[PDB]
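K.L.:
Shown below is the structure under consideration.
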Amino acid sequence: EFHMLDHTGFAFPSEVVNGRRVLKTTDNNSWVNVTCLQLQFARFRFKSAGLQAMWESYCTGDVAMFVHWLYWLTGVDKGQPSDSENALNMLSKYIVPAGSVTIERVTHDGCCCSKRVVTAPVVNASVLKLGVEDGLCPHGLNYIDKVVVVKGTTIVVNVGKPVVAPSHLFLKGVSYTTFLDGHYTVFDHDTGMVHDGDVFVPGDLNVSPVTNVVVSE
Amino acid sequence: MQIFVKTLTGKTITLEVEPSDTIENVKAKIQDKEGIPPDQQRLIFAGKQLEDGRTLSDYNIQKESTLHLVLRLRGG
Ligand SMILES: [Zn+2]
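Here you go:
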């Protein structure tokens with residue numbers, strides 16, 4: 265039972281960098297840092313008042329309880345590296361929906377075609393404007409799945425490996441989680457600068473392998 | 024029934040499953056064919072990550088459905 269547990273071990277030294285709460289790189293916690301960064305970039309709130317208080321505490325620099333809860337929800341032990349895209353997917357059902365994404369599933373010639381609106385805070389789709397190939401149609405051609413409409417704020421999580429691509433080919437977003445191999449960072453679109461633990465270093469999206477993006481209409 | 028899984032190398036495999044098969048059971052089947060340990064598998068269907076303890080029926084996964092396999096990242 266989470267409330268019974270010692271959180272003191274998860275009190276990672278934190279800072280404010282470009283107005284964002286960030287954790288010092290220690291104990292393989294980069295996954296925690298970029299998960300929490302994208303929650304701030306997306307401006308997400310939790311359905312539970314108890315979780316939302318833990319989140320507000322994290323942002324004001326009382327990080328231990330919300331960080332522990334992340335480890336606890338995801339089944340990760342202190343000092344173990346993990347997966348931000350997994351953590352974000354597991355966080356999704358706890359977050360108040362604040363937007364939607366329309367996914368077009370089509371063939372180049374239009375043999376078969378559809379659109380579906382997804383209204384979860386975290387949606388798994390291509391982070392590229394051109395989309396990804398995804399399964400064969402009854403007529404016998406491979407489907408392309410791409411994001412074609414953005415309402416409010418969603419976090420799009422790539423269906424695949426981290427993606428290296430000329431920056432213009434990515435879905436338009438405010439922030440891009442990048443993975444190098446591993447170690448997680450966040451490309452800030454506004455500044456063109458990179459959140460790497462508790463420092464702000466220059467970076468290039470064209471060579472950043474992107475795993476997820478905060479999209480906002 | 025038959026469903027399809029898009030593997031890490033972009034090729035498509037076939038699984039023999041029932042609607043009442045758990046996501047753990049589907050992951051065990053991908054492990055048999057792909058060698059990817061269940062705890063390292065993330066399965067995507069209709070933009071959703073599938074949860075352990077739930078079944079294919081809970082997500083309305085019908086025959087000739089294509090799941091997407093994504094390998095777990097270790098970021099420190
Ligand atoms: Zn077709």
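Protein chains in written order, with this note's numbering: chain S, 265 to 481; chain V, 24 to 99. Using N, Cα and C, we set each Cβ at its ideal position, and we do this for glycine too.
Going by the C-beta, is S:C300 closer than 6 Å to any heavy atom of ligand 1?
P.N.:
Here residue 300 of chain S is taken as the residue at index 36 of the first sequence, counted from 1. No, the beta carbon of S:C300 sits no closer than 6 Å to any heavy atom of ligand 1.
K.L.:
Would you call the segment 411 to 420 of chain S and the segment 50 to 68 of chain V in contact, with 3 or more CB pairs under 8 Å?
P.N.:
With a cut-off of 8 Å, the segment 50 to 68 of chain V and the segment 411 to 420 of chain S do not count as touching, because too few Cβ pairs lie within range.
K.L.:
Counting only beta-carbon separations shorter than 7 Å, does S:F443 have a partner in chain V?
P.N.:
Taking the first sequence and counting its residues from 1, one reaches residue 443 of chain S at position 179. Judged by the 7 Å Cβ criterion, S:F443 is in contact with chain V.
K.L.:
Please say whether S:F305 and S:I359 have beta carbons closer to each other than 7 Å?
P.N.:
As a first step, residue 359 of chain S is located in the first sequence; it is residue number 95 there, counting from the start. As a first step, residue 305 of chain S is located in the first sequence; it is residue number 41 there, counting from the start. Not closer than 7 Å, so no.
K.L.:
Along the chain, which unbroken stretches of the beta strand (DSSP E) at least 3 residues long are found entirely within the segment 360 to 406 of chain S?
P.N.:
List check, beta strand (DSSP E) in window: 363 to 370, 377 to 382, 386 to 388 and 396 to 400.
K.L.:
Cβ closer than 7 Å: which chain V residues qualify as neighbours of S:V387?
P.N.:
Taking the first sequence and counting its residues from 1, the one referred to as residue 387 of chain S is at position 123. Here the neighbours are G70.
K.L.:
Within 7 Å (strictly less), CB to CB, does V:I59 reach chain S?
P.N.:
As a position in the second sequence, residue 59 of chain V is number 36, starting the count at 1. Judged by the 7 Å Cβ criterion, V:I59 is not in contact with chain S.
K.L.:
S:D326 to S:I408, Cα distance in whole Å?
P.N.:
Stepping through the first sequence from its first residue, residue 326 of chain S is reached at position 62. Stepping through the first sequence from its first residue, residue 408 of chain S is reached at position 144. Roughly 44 Å between the two C-alpha positions.
K.L.:
Buried or exposed: where does V:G76 fall if 16 or more other Cβ atoms within 10 Å of its Cβ makes it buried?
P.N.:
By one-based count along the second sequence, residue 76 of chain V stands at place 53. Exposed, because fewer than 16 other Cβ atoms sit within 10 Å of the Cβ of V:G76.
K.L.:
Taking C-beta pairs closer than 8 Å, name the residues in chain S that V:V40 reaches, listed in chain order.
P.N.:
Against the second sequence, residue 40 of chain V aligns to sequence position 17. The contacting residues do not exist; V:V40 stays about 16 Å from chain S at best.
K.L.:
Below 8 Å on the Cβ atoms is my guess for V:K29 versus S:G399; work out the distance and round it to an integer in Å.
P.N.:
For the purposes of this step, residue 29 of chain V is taken as the residue at position 6 of the second sequence. For the purposes of this step, residue 399 of chain S is taken as the residue at position 135 of the first sequence. About 7 Å; that satisfies the 8 Å criterion.
K.L.:
Establish whether the CB of S:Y448 and some CB of chain V are separated by less than 7 Å.
P.N.:
Within the first sequence, residue 448 of chain S is the residue found at index 184, counting from 1. Cβ-Cβ to chain V under 7 Å: yes for S:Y448.
K.L.:
Would S:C377 be called buried (16 or more neighbouring beta carbons within 10 Å of its own) or exposed?
P.N.:
What you label residue 377 of chain S is simply residue 113 of the first sequence in a count that begins at 1. By the neighbour-count rule (16 or more Cβ atoms within 10 Å), S:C377 is not buried but exposed.
K.L.:
Starting from V:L94 and walking both ways along the beta strand (DSSP E), at which residues does that stretch end?
P.N.:
Here residue 94 of chain V is taken as the residue at index 71 of the second sequence, counted from 1. Unbroken beta strand (DSSP E) run through V:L94: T89 to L94.
K.L.:
Figure out for me which residue from S:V280, S:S312, S:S390 and S:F443 has the closest Cα to the Cα of S:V365.
P.N.:
Position 101 of the first sequence, counting from 1, holds the residue named residue 365 of chain S. Per the Cα distances, S:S390.
K.L.:
In the DSSP assignment, the alpha helix (DSSP H) including S:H332 goes from what residue to what residue?
P.N.:
Residue numbering aside, residue 332 of chain S sits at position 68 when the first sequence is read from its first letter. Run containing S:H332: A328 to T338, per the alpha helix (DSSP H) assignment.
K.L.:
Following the continuous alpha helix (DSSP H) through S:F310, name the residue where it begins and the one where it ends.
P.N.:
On the first sequence, residue 310 of chain S is found 46 positions in, with the first residue counted as 1. Element bounds for S:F310: n/a, residue is neither H nor E.
K.L.:
Taking its Cβ as the centre, do 16 or more other Cβ atoms sit within 10 Å of V:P60, making it buried, or is it exposed?
P.N.:
By one-based count along the second sequence, residue 60 of chain V stands at place 37. Answer is exposed; the Cβ neighbour count stays below 16.
K.L.:
Counting by C-beta, which residues lie closer than 5 Å to a heavy atom of ligand 1, in chain order?
P.N.:
The answer, residue by residue, is S:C375, S:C376, S:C401 and S:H403.
K.L.:
Using a Cβ cut-off of 9 Å, pull out every chain S residue sitting near V:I46, in sequence order please.
P.N.:
Taking the first residue of the second sequence as position 1, residue 46 of chain V is located at position 23. None at all; the shortest Cβ gap to chain S is about 13 Å.
K.L.:
Output yes or no for whether 7 Å exceeds the beta carbon distance between S:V478 and S:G437.
P.N.:
Taking the first sequence and counting its residues from 1, the one referred to as residue 478 of chain S is at position 214. Taking the first sequence and counting its residues from 1, the one referred to as residue 437 of chain S is at position 173. Yes; because the gap between Cβ atoms is below 7 Å, this pair is in contact.
K.L.:
Could you list the residues in the segment 399 to 421 of chain S with a C-beta less than 7 Å from some C-beta on chain V, going in chain order?
P.N.:
Under the 7 Å Cβ criterion, the segment 399 to 421 of chain S contributes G399.
K.L.:
If we count the other Cβ atoms within 10 Å of its Cβ and call it buried at 16 or more, is V:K50 buried or exposed?
P.N.:
In the second sequence, the residue the question calls residue 50 of chain V occupies position 27. Result: buried.
K.L.:
Distance check for V:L79 and S:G467, CA to CA, integer angstroms please.
P.N.:
In the first sequence, residue 467 of chain S corresponds to position 203, counting from 1. In the second sequence, residue 79 of chain V corresponds to position 56, counting from 1. Looking at the two C-alpha atoms, the distance is approximately 42 Å.
K.L.:
Note down, in chain order, each residue of its chain lying with its Cβ closer than 6 Å to the Cβ of V:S88, except the 5 sequence neighbours on either side.
P.N.:
By 1-based counting over the second sequence, the position of residue 88 of chain V is 65. If we look at V:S88 and ignore the five residues flanking it on each side, its Cβ neighbours are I26.
K.L.:
If residue 547 of chain S and S:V474 are in contact, beta carbons under 8 Å, what's the gap, nearest whole angstrom?
P.N.:
A question about residue 547 of chain S goes unanswered here, because the residues of chain S that appear run from 265 up to 481.
K.L.:
Could you tell me whether any Cβ in chain V is nearer than 7 Å to the Cβ of S:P473?
P.N.:
Translated into the one-based positions of the first sequence, residue 473 of chain S becomes position 209. Not closer than 7 Å to any Cβ of chain V, the Cβ of S:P473 fails to qualify, so no.
K.L.:
With DSSP run on the structure shown, which of helix, strand or coil describes S:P466?
P.N.:
Mapped onto the first sequence, residue 466 of chain S falls at position 202. Strand, per DSSP.
K.L.:
Return no unless some Cβ of chain S is closer than 7 Å to the Cβ of V:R77.
P.N.:
Position 54 of the second sequence holds residue 77 of chain V. Cβ-Cβ to chain S under 7 Å: no for V:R77.
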